[PDB]
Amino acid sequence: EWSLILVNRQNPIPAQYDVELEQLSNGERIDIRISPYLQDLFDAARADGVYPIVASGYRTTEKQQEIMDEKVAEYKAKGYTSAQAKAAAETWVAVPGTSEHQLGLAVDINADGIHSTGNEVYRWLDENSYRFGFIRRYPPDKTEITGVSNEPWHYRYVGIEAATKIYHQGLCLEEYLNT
């Protein structure tokens, strides 16, 4: 049940949540408990000609604050007021303390580019990640529940058992944890 912890705008991360982190090959940090499942996920893809990379894993509070601030600045640079920019940014970037990147269980996956395209890696993960305990966290048809826009790059570890049941039923994490 530890891998089924929900962190949303409706469910802030507890400040008691300390994560045992290990450093990936690219310097990014993840929870040590998802490490072999993540390694298996990438070995699987590379066997099918898909070459994925971890663009973002664990993030400190200030790190999320930096990402939010730059996103806000983008909207302000395009005629949005402070309030409008922040409101528009919160739909893409999570408020510092509501991001599951602070859990260390979430990874932003991109293509390496030189072997696979962005489309190829995202579609392979869409139909294979569940077998290794990872789910496409923010579906385009579940944006009203997750409160987050379409992010085909964001994947969250929930465990093989949960991910399989989530994928087969076509639900998101919020719906799955709903009785």
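Heads up: residue numbers just count along the shown sequence, starting at 1.
Remark: stretch with higher mean C-alpha B factor among 28-36 and 133-141 is 133-141. As listed in the deposited structure, the average C-alpha B-factor of 11-19 and of 156-164 is greater for 11-19. The entry assigns its greatest Cα B factor, within the set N119, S56, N110, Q64, to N119. Compared with the other modelled residues of the chain, the Cα B-factor recorded for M68 ranks in the lowest third.
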